[PDB]
Amino acid sequence: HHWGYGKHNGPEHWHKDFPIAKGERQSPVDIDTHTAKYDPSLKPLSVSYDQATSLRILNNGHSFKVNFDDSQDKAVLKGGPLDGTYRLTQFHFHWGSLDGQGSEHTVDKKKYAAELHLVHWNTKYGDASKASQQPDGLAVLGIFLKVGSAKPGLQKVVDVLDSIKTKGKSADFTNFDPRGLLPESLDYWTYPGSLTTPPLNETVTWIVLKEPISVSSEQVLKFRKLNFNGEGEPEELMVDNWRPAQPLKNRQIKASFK
Ligand SMILES: NS(=O)(=O)CCNC(=O)/C(Cc1ccc(O)c(Br)c1)=N/O
Ligand SMILES: NS(=O)(=O)CCNC(=O)/C(Cc1ccc(O)c(Br)c1)=N/O
Ligand code: NA
Ligand SMILES: [Zn+2]
């Protein structure tokens with residue numbers, strides 16, 4: 001559809017094409033750290049990315065996305081709130097026009113410069129399409145970016161963005177190691193939610209890491225040179241491609257840590 005992030009087609013309009021936008025399990029949310037409860041029943045979280053096979057990087061007009069070979073269990077997420085095995089299929093980012101906005105989730109109303117989403121599907125459903133329609137079909141590992149020191153493991157991403165400036169452009173992006181995007185700690189919050197983009201399916205278990213990664217000003221500036229538009233269309237910078245916090249409704253956010 002013709003959805004985006006501007007005044008005329010942004011988050012406040014999405015519900016007309018996607019009525020679930022006003023649903024009971026929408027994402028992102030504000031994470032009230034004082035209301036979230038430590039849950040001793042959460043099993044250890046396992047991020048097993050050694051065997052990841054990145055493939056290409058694409059500007060799809062909404063973000064940039066790195067896809068992975070998810071034809072076998074290579075790079076997988078298990079444990080924590082999850083039952084079974086979830087296979088990494090892609091990552092992408094959301095970011096702002098200024099260093100003080102850009103994240104989708106917020107922490108005690110704090111907005112970060114950007115947010116990384118590592119998207120995984122439950123292998124019990126066989127493919128990512130079928131999984132996208134199940135209430136336990138998807139798991140997104142969310143990681144905040146704050147501006148400070150450079151993140152070396154982000155630099156290869158940063159350096160290819162020039163080659164995918166406009167919507168529809170892709171490039172090779174093999175041999176990228178997503179472990180380089182993680183913070184030290186795997187402490188997290190978890191809640192049941194949705195895709196934060198149309199079609200807004202209520203099929204995601206969210207796992208949001210507490211520790212942000214630090215990226216440099218120069219790194220995030222390069223995100224902001226991307227374009228929402230296609231080649232030889234007029235320039236609209238790809239910035240502020242984030243959905244704001246949605247009503248929590250009757251959900252509980254659980255913490256993995258005391
Ligand atoms: N390796 S890939 O080709 O990038 C994988 C593409 N699929 C995915 O990201 C997903 C989640 C998803 C993303 C956007 C959507 O609109 C819907 Br619905 C589901 N699969 O469920
Ligand atoms: N934000 S999310 O809840 O983690 C998962 C939903 N969003 C995304 O995957 C993306 C990249 C993307 C956008 C449209 C697509 O058709 C496909 Br495929 C991937 N957002 O820009
Ligand atoms: Na960090
Ligand atoms: Zn996302």
Side-chain angles (χ1 to χ4, degrees), residues 20 23-52 68 70 72-91 103-110 112 115-128 130-146 178-179 181-196 200-213 243 245-258:
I20 207 63
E24 304 298 309
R25 185 183 155 159
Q26 291 289 294
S27 294
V29 301
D30 182 58
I31 299 168
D32 184 324
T33 68
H34 295 104
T35 298
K37 182 182 158 100
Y38 169 63
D39 183 356
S41 85
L42 289 160
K43 302 300 295 194
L45 192 70
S46 177
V47 188
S48 297
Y49 288 173
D50 194 55
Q51 291 295 312
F68 290 81
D70 59 354
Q72 309 176 77
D73 284 348
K74 290 190 169 197
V76 307
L77 190 59
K78 303 169 53 66
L82 307 173
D83 278 340
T85 296
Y86 288 67
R87 204 177 275 168
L88 176 68
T89 191
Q90 54 108 332
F91 71 75
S103 64
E104 299 207 305
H105 294 86
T106 57
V107 179
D108 297 334
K109 300 296 178 99
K110 182 185 172 67
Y112 287 89
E115 191 174 326
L116 166 62
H117 290 164
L118 293 133
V119 179
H120 311 75
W121 57 273
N122 190 336
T123 62
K124 80 186 269 205
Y125 301 118
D127 67 70
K130 181 65 155 184
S132 71
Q133 306 166 56
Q134 312 306 320
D136 59 348
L138 304 174
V140 182
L141 182 56
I143 304 181
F144 298 120
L145 284 61
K146 76 171 180 181
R179 292 176 294 188
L181 294 174
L182 308 177
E184 282 177 6
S185 181
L186 297 176
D187 287 347
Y188 66 84
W189 297 285
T190 185
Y191 75 98
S194 75
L195 303 175
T196 68
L200 302 169
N201 296 5
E202 292 183 334
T203 57
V204 179
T205 300
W206 278 93
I207 299 167
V208 175
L209 299 190
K210 176 165 156 178
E211 190 180 10
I213 61 170
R243 191 191 193 189
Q246 302 300 305
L248 191 59
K249 303 290 198 180
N250 294 310
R251 293 173 290 177
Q252 315 175 266
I253 306 181
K254 293 169 174 163
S256 74
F257 59 92
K258 288 193 232 56

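Each residue takes its place number in the sequence, starting with 1. Side-chain atoms are counted along with the backbone in the values below, which use heavy atoms only and exclude waters and symmetry mates.
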Checklist entry - Any cation-pi pair here, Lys110 with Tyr112, using under 6.0 Å and within 45°? => result yes
Item to check | Partner residues of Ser256 under the side-chain contact (heavy atoms from CB on, under 4.5 Å) criterion, sequence neighbours left out | outcome: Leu42, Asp187, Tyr188
Next on the checklist: Is there a side-chain contact between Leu45 and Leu77 in this structure, where contact means two heavy atoms from C-beta onward sitting under 4.5 Å apart?
Outcome noted: yes
Checklist entry - Would you say the ring centroid of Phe68 lies under 6.0 angstrom from that of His120? => result no
Item to check | Residues that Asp136 engages under salt bridge (charged side-chain N to carboxylate O under 4.0 Å, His left out), provided they are two or more places apart | outcome: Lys124
Checklist outcome for this item: Here the salt bridge (charged side-chain N to carboxylate O under 4.0 Å, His left out) pairs for residues 40-51, sequence neighbours left out, are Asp50-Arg179
Checklist entry - What pair of heavy atoms forms the shortest contact from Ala245 to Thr106, and how long is it? => result CB-OG1, 4.5 Å
Item to check | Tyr49 versus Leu141, closest heavy-atom pair with distance | outcome: OH-CD2, 4.1 Å
Checklist entry - Does a donor on one side chain and an acceptor on the other come within less than 3.5 Å for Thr196 and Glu104? => result yes
Item to check | Check: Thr190/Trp206 side-chain N/O donor and acceptor closer than 3.5 Å | outcome: no
Next on the checklist: Would you say that more than 12 heavy atoms from the other residues, nucleotides or ligands in this model lie under 6.0 Å from the CD of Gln252, or not?
Outcome noted: no
Item to check | Flag, side chain of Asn122 to backbone of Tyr125, donor-acceptor distance under 3.5 Å | outcome: no
Checklist entry - Are any side-chain N or O atoms of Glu115 and backbone N or O atoms of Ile143, one a donor and one an acceptor, separated by less than 3.5 Å? => result no
Checklist entry - Just by distance, do the side chain of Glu202 and the backbone of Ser194 share a donor-acceptor pair under 3.5 Å? => result no
Next on the checklist: I need the full list of salt bridge (charged side-chain N to carboxylate O under 4.0 Å, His left out) pairs touching residues 73-86, with sequence neighbours left out, sorted by first then second residue.
Outcome noted: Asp69-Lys74, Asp73-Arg87
Next on the checklist: I'd like to know if the side chain of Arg243 reaches the main chain of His105, judged simply by a donor and an acceptor atom lying under 3.5 Å from each other, with no hydrogens or angles considered.
Outcome noted: no
Next on the checklist: Tell me whether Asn250 at atom CG has more than 12 heavy atoms from other residues, nucleotides or ligands lying less than 6.0 Å away.
Outcome noted: no
Checklist entry - Is it true that the NZ or CZ of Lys258 lies under 6.0 Å from the centre of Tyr38's six-membered ring and within 45 degrees of the ring axis? => result yes
Next on the checklist: Quick check: closest heavy atoms across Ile20 and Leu200, and the distance to 0.1 Å?
Outcome noted: CG2-O, 3.4 Å
Checklist entry - Do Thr205 and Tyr86 get their side chains close enough for a donor-acceptor pair, meaning under 3.5 Å? => result no
Checklist entry - Does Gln133 CD have over 12 foreign heavy atoms under 6.0 Å away? => result yes
Checklist entry - Sequence neighbours excluded, which residues qualify as ring pair (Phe, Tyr, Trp, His ring centres under 6.0 Å) partners of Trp121? => result none
Item to check | Residues which pass side-chain contact (heavy atoms from CB on, under 4.5 Å) with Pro247, listed by chain and number, not counting sequence neighbours | outcome: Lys249
Checklist entry - With no hydrogens and no angle check, is any side-chain donor or acceptor of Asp108 less than 3.5 Å from a backbone partner on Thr33? => result yes
